[PDB]
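Accompanying notes for the structure given below.
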Amino acid sequence: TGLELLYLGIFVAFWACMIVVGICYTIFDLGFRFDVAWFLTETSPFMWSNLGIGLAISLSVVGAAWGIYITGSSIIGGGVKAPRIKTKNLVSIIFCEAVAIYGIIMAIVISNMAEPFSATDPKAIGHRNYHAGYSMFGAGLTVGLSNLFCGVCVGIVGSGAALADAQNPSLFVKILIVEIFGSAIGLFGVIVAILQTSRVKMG
Amino acid sequence: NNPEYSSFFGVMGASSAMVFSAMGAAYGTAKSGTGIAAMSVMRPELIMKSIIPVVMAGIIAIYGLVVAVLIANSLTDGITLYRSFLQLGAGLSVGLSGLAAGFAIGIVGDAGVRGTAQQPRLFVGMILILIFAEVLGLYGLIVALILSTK
Amino acid sequence: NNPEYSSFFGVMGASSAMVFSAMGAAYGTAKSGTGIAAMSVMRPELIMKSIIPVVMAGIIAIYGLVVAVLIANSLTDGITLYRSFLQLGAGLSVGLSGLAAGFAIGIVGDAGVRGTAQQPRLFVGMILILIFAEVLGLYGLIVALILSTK
Amino acid sequence: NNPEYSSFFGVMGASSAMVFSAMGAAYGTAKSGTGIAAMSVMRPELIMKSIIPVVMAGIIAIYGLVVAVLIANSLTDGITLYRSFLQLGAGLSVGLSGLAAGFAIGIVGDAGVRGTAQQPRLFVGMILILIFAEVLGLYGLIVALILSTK
Amino acid sequence: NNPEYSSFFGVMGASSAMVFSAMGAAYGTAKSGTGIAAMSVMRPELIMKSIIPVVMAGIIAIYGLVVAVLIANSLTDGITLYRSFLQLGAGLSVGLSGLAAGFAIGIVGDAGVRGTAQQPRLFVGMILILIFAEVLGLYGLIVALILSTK
Amino acid sequence: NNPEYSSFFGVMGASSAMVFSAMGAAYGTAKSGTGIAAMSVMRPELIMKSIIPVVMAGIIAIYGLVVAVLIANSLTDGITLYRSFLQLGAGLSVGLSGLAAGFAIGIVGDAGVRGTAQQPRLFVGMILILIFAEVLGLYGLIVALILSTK
Amino acid sequence: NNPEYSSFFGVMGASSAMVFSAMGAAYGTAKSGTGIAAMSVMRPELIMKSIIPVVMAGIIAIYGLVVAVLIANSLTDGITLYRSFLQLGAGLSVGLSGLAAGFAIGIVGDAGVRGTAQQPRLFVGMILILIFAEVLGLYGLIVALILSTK
Amino acid sequence: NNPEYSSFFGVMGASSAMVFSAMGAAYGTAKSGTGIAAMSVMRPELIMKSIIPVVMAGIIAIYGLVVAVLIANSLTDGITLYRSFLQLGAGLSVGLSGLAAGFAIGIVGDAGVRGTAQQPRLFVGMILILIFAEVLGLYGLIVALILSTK
Amino acid sequence: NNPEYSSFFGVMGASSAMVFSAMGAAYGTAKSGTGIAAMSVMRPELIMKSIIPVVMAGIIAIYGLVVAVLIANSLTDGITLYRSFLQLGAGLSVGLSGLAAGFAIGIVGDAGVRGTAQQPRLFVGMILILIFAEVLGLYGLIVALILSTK
Amino acid sequence: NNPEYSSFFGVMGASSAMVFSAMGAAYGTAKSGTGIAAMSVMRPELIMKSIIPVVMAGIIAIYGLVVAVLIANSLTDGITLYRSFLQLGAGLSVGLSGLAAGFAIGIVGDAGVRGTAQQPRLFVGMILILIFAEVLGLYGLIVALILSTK
Amino acid sequence: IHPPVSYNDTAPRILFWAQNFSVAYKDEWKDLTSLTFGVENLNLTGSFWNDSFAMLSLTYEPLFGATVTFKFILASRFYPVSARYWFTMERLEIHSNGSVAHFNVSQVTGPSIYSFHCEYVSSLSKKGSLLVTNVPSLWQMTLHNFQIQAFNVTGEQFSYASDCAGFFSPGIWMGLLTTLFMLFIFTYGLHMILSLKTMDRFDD
Amino acid sequence: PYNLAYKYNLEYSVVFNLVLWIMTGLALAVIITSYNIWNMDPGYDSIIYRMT
């Protein structure tokens with residue numbers, strides 16, 4: 001378990017550093033130095049917005065592809081002895097890809113929210129503008145991960161569906177209900193992202 | 001007026017609600033779904049009965065969505081830092097709660113579907129266990145509603 | 001002259017109280033549920049006598065909800081730093097106590113219900129051990145309410 | 001006068017005392033319970049007497065609780081950082097010492113019951129080792145009480 | 001006027017656009033070629049038909065290249081922080097998308113090539129599935145272009 | 001004069017002295033207990049005579065307690081930062097020395113008691129290795145004492 | 001005007017352009033070489049014709065060399081941060097692209113050679129897959145060169 | 001000058017000097033004892049002479065003690081930062097060196113005693129190897145001594 | 001005048017230069033040695049021919065030494081940060097590249113030697129692959145030399 | 001004047017010079033000794049010659065001692081930061097180089113003695129390989145001496 | 001080490017120090033350290049103090065064909081985010097022959113009960129440019145090892161000092177976020193690529 | 001005198017981050033290389049079962 005032990009080690013080291021540094025700053029009275037406000041304010045809103053969009057598309061694509069191959073491996077393997085599978089169980093693939101479709105829709109929608117500032121001072125940038133940054137970042141994060149999880153879910157259930165179909169033709173049309181419910185989660189993510197961006201304006 | 005950076009935590013509250021709820025619902029759905037798929041070939045007469053756990057996972061997802069919508073509507077560019085923290089609290093409360101609930105629904109659904117495949121009488125007990133598992137997310141939803149509305 | 005950032009800790013107390021107790025309850029339901037599903041294939045008559053651990057995990061969850069809701073009610077927009085830290089302490093106390101107690105409840109229920117399946121005399125030992133576990137969540141609740149109300 | 005964040009470490013102590021000792025007690029409870037449920041199959045007559053390990057483990061939780069509530073009633077809004085540090089020390093002492101104790105009780109009891117299933121004489125040695133395990137939690141209580149009182 | 005470090009984010013965007021796409025392509029080709037060899041030893045006559053998945057991996061690599069060079073074209077000295085982050089967004093968008101698409105194309109390709117080796121009827125299925133993965137890379141590329149040309 | 005947080009390192013020294021010694025003693029008792037339980041099956045006449053390793057683990061705990069108590073007794077409020085550091089040093093010394101000793105006693109005993117069960121001759125050897133492992137905790141105590149006095 | 005520490009990112013461009021392409025070539029030659037050794041014991045007359053994958057890994061290395069040498073030539077003292085970042089970007093683009101490419105080369109070469117030993121006709125297909133991976137390193141070079149000259 | 005935090009490094013030096021040497025001795029004793037227990041069942045007559053590697057671990061412990069006592073003797077409130085740093089250096093020098101020596105002695109003994117049980121002649125060669133393994137700690141001690149008295 | 005801390009990066013270049021080169025060489029020698037030992041038990045006639053990969057690793061060692069000597073000689077107490085950074089770049093470029101070459105040399109040496117015992121014809125190809133492995137370290141040395149002299 | 005904390009890096013240089021060389025020598029000693037035991041059991045007569053690798057590991061220990069002592073004798077309070085960083089570089093350069101050399105010597109010693117038991121004539125190649133491994137530590141020393149005396 | 005400049009009101013109330021203090025007009029530099037610190041003839045006329053506000057008016061008679069003066073204008077106030085009174089140096093006001101010039105100040109801030117320190121508080125780009133203007137100006141100023149405290153003073157001593165020297169800067173933080181979200185992706189990719197494997201056997 | 005603050009440099013942020021992250025990368029590289037060699041397979045499989 002080499003690389004996982006590495007990730008665990010770096011994680012433990014990072015959070016040990018966080019804990020100790022927190023205790024030391026509090027004990028030394030450096031709450032004025034440690035003010036999260038400065039971090040959140042001087043990190044430019046553009047960075048938030050654009051990480052937001054990039055994740056919005058990319059995490060959605062990750063979910064789509066992950067689920068895609070999870071179910072495709074099964075679809076192929078079962079199809080080996082069950083050629084009927086290839087046309088029918090492809091609905092698993094299509095429902096996986098719908099996640100990346102959502103990814104684009106929200107990514108481009110958010111991209112329509114961005115505009116320059118011509119301001120550097122936080123006071124000049126303003127509440128509206130900083131809110132635009134954080135809101136775009138959050139909406140992107142939300143859509144991206146909801147899509148990711150919907151995708152992995154749909155892929156897994158679709159793999160199960162293809163394997164089940166391999167043994168009986170009739171079951172697939174019924175198991176697909178679980179696939180529909182899986183897609184519903186991604187749709188919820190899309191809705192939440194829409195609401196989050198609905199009242200956002202850079203400029 | 002309230003500080004410029006305040007709205008960040010409210011944004012995160014909405015996002016956390018939806019995202020962690022989605023994680024929970026996705027796991028529950030996928031686990032119950034693999035269980036259902038494996039069971040179907042054996043005892044095809046039980047599919048439409050065995051679905052229910054996926055509906056419970058969807059219920060967790062709905063729990064997430066409700067809170068997320070509430071925070072989204074409550075959110076504005078000039079919220080007080082206090083209300084922003086409270087929105088984040090509501091979001092995390094429903095979200096992580098839904099995640100735990102989702103792991104519960106997934107594992108219980110898988111095991112119970114597998115059992116009922118072998119022994120029908122387990123069904124009602126499985127429903128009861130599923131209810132108690134979703135009840136976990138329900139508690140998170142209650143606390144989140146209170147935090148948000150306060 | 002109450003810092004606005006101070007109120008965050010009370011929100012986090014409420015969150016923790018909900019979420020960690022929720023995770024404990026989820027694991028407790030999960031392991032007991034897999035145990036129950038395994039047992040039910042061979043000894044179905046034990047379903048209702050064996051669901052008790054799930055109920056006890058539910059009690060862990062209700063403990064979490066009680067503490068979280070109380071913390072939420074106590075919260076205010078200008079809450080003092082002292083009281084807010086008290087609420088964080090209550091939240092962590094109850095939440096992690098519930099996490100641990102739920103871990104115990106789940107493992108005990110799994111192993112036990114399986115034990116009863118082969119040996120029904122064990123049922124009394126199960127219920128004793130399960131309550132001894134739930135008592136840990138009780139202690140978490142005690143401490144949590146004391147801090148949250150001071 | 002005194003720094004306002006002083007109370008944070010006091011509440012941290014109050015929490016730690018209960019939470020860590022509770023984790024130890026939970027682990028001990030779990031391991032001993034699995035051992036009990038295992039041994040019951042072959043020698044069902046021994047379960048009640050053999051529960052003594054879970055009975056002993058709950059004591060670590062009692063210890064955690066007492067130190068927790070003592071830190072609690074010692075807390076107030078204006079404590080000096082010195083006192084807050086003593087409270088943190090007491091909490092960590094009892095909690096983590098109880099965690100070590102709980103690992104000890106869990107392992108020793110789990111092994112001991114299974115052994116006793118094959119050799120009833122072991123019971124006495126099991127009790128002896130279990131006492132030597134609880135005393136670790138007890139020492140943590142001693143140091144925690146001294147610190148918190150100072 | 002503009003901060004002196006502004007170009008770093010655009011550069012990172014370009015580098016990511018190249019690199020993540022390249023890694024995805026590499027994984028895809030490696031997996032696919034492995035499957036191609038495995039099928040080959042038994043079925044020499046399918047090499048030319050079977051190579052396709054490696055070709056789609058090449059497509060994702062090309063997607064990375066086009067996006068990367070497009071960003072490089074926009075990497076100007078007086079780049080405003082706004083444009084720089086737009087280019088970083090383009091970078092990540094194409095890059096992670098391509099990495100995922102490479103995973104998908106590679107795994108699907110291996111599975112499909114092995115299946116075809118035994119069942120010629122599956123080849124059309126292979127291609128049909130693979131296109132649905134490659135369109136993901138198309139999607140990432142599209143959004144990256146929109147961002148870079150905002 | 002002294003910065004008001006100087007006692008932090010003193011309380012940390014106390015916590016270390018107790019807790020790490022407790023961890024070492026717990027590990028020692030745990031592994032010794034596994035050894036005793038395992039050997040009990042075929043050699044029950046060795047139980048009462050084989051408890052020695054657990055006793056030595058108890059002595060580990062005793063050093064922990066002694067150093068922690070000395071530390072706490074000597075903690076005055078305006079403690080010079082110098083002695084506070086020295087005191088963290090004493091606590092760490094005894095505590096981690098006790099942890100090392102705990103590893104030593106536990107690993108020694110878990111194998112030594114089994115070896116004795118097969119071979120009575122080993123008992124003297126095992127006690128010799130145990131005392132040599134015990135002097136490790138003893139050295140930790142010496143060093144901690146000199147730093148506490150100093 | 002030219003922050004003093006600017007030289008760092010150009011230097012890292014150089015270092016990466018070398019080291020990451022080198023690691024890629026190293027893995028490629030390594031895995032391919034294990035494959036060559038394995039095949040040798042069966043099919044000696046293929047040995048000389050089989051080395052192409054190691055050659056292409058060496059081409060990954062030469063790509064690294066071209067980019068790194070150009071970067072070093074461009075490393076002037078008073079470099080602007082703009083050019084230093086472009087210089088780093090070129091470095092990473094070549095280096096990591098080559099790392100991925102070399103991974104691909106290694107796996108594919110191993111698979112291809114051992115297959116070829118079993119079935120000669122695989123040779124052309126293997127060459128094609130190697131080419132389609134190598135173009136990845138070529139793109140790494142192209143993007144790195146563009147970034148560096150711009 | 002002499003900042004008030006100076007003595008911390010020297011104190012940590014003493015702690016390390018004892019603690020790391022103690023851990024090394026602990027592991028050495030543990031492995032050597034496990035090997036001794038394994039050997040005794042077969043050849044009980046070797047115990048008196050075979051114990052020696054544990055004594056070598058004890059020598060490492062003694063090295064740790066000597067450096068620790070020297071450091072402690074040297075400490076002082078008005079210690080100059082340079083003396084504190086030398087003290088820390090000596091502490092690490094002895095401690096980690098002893099840890100390495102402990103690893104070496106432990107592994108060597110575990111292997112060598114087992115081998116000797118199966119072959120009488122190995123004894124002396126084993127002793128030579130242990131001598132070299134301890135020589136490492138002796139170098140550690142010398143370096144720590146020079147640093148401390150510098 | 002230049003910032004005093006610049007010296008750090010030059011010394012780091014020296015250290016990295018020698019260290020990574022040495023580690024790569026060590027890996028190469030070690031695995032090649034395992035191969036040689038496994039080979040010899042069969043074919044002692046191939047010892048002198050089989051030693052070659054170890055020499056090839058020693059070549060990496062020599063490369064590291066060369067760059068490190070250059071870095072150390074060039075260091076000065078008033079080194080500009082530009083030159084210090086440049087020295088760091090040279091060190092990384094040779095050292096890590098040599099580490100990659102070290103893994104390559106070692107793995108190929110092991111596999112090739114083992115095969116060669118089974119099939120002497122492999123030897124020529126094993127030389128060619130060894131050379132291709134080393135030219136990686138040669139490229140590292142070239143880049144590092146250019147950097148160190150600029 | 002140079003800041004007071006400057007001598008940190010010199011003291012670390014000495015300590016590391018001892019410590020990492022120690023770790024490398026310890027590992028080499030360890031593996032060599034395991035191999036020596038294994039070979040000796042079957043072929044006791046070969047011990048006296050087979051010990052040599054442990055001696056060559058002791059050589060790494062010697063390198064570490066030499067460089068550490070040199071640095072210690074060079075340390076001074078008014079040490080220039082540049083000289084201090086030079087000493088740190090030397091310490092790392094000897095130490096981690098010795099780590100690499102100890103790794104190589106350990107693996108080679110293990111494998112080579114294990115083979116030598118079966119084929120004595122491997123001794124020549126073994127000795128040559130250990131020479132090639134020790135020259136790594138020699139290079140580390142040469143770099144360290146240059147850096148430190150500079 | 002020369003003593004700080006102090007304005008007193010029944011006790012020292014505003015305190016200022018630097019190792020080097022210099023100014024230029026039409027790019028002709030001149031040094032003010034000796035004429036500023038320790039010397040009693042430093043006219044502070046017009047200087048003013050309030051618990052909310054402070055204005056330190058240093059003065060030099062012959063400089064640049066003018067009786068020049070430098071007003072450092074500082075204030076303190078309650079920020080609801082935290083209970084503390086923060087302080088800031090709002091602007092620097094040069095007073096010259098029949099003329100005035102205004103420099104905004106960027107990063108001189110901190111808790112009012114702590115002093116503030118910075119290397120090279122100066123208008124020149126190469127040295128941080130903490131003093132800034134929209135209008136291009138004839139004036140340059142440089143303060144090497146600038147340190148100041150205008151509130152909660154207690155005797156000649158400075159309070160403990162906050163410093164410009166944060167462990168991070170805006171640019172560095174944004175860069176670290178960017179590189180971290182690149183590294184996440186890279187580690188994912190490298191993990192999967194390293195989990196790649198090859199088969200040991202082939203069919204008939 | 002006069003409680004003058006310690007003279008933190010202006011480029012403290014950049015120098016500190018460079019040191020921290022370069023040393024982190026160096027330490028991780030060293031640790032991983034050591035890990036890989038520590039687990040290097042000694043590869044005497046032809047001998048292991050005769051020895052054991």
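Numbering starts at 1 and runs along the chain as it is shown here.
The backbone N, Cα and C atoms fix where each Cβ goes, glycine too.
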Identical membrane-side domain name, D:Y82 and D:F123, from Swiss-Prot: no
Same-chain residues at least 6 apart in sequence whose Cβ lies under 8 Å from D:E134 (site 'Essential for proton translocation'): D:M56, D:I59, D:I60, D:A101, D:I105
Contact set, same chain, for the transmembrane segment (D:88-109): CB under 8 Å, 6 or more residues outside the stretch: 9-10, 12-21, 23-32, 35, 53-54, 56-57, 60-61, 63-64, 67-68, 70-71, 126, 129-130, 133-137, 139-141, 143-148
Helix, strand and coil totals (DSSP H, G, I; E, B; other) for the topological domain 'Cytoplasmic' (D:29-50): 18 helix, 0 strand, 4 coil
Folded-back contacts onto the topological domain 'Cytoplasmic' (D:29-50), same chain, C-beta under 8 angstroms, at least six residues removed: 57-58, 105-107, 109-114, 116-117, 120, 123
Secondary structure content, the topological domain 'Cytoplasmic' (D:110-126) (per DSSP, counts of residues): 14 helix, 0 strand, 3 coil
Same-chain residues near the topological domain 'Cytoplasmic' (D:110-126), Cβ under 8 Å, at least 6 residues beyond its ends: 31-32, 34-36, 38-39, 42-43, 46, 49-50, 52-53
Spatial neighbours of the topological domain 'Lumenal' (D:72-87) far in sequence, C-beta under 8 Å, 6+ residues away: 1-3, 6-11, 13-14, 147-148, 150
Residue counts (helix, strand, coil, in that order) that DSSP gives for the topological domain 'Lumenal' (D:72-87): 10 helix, 0 strand, 6 coil
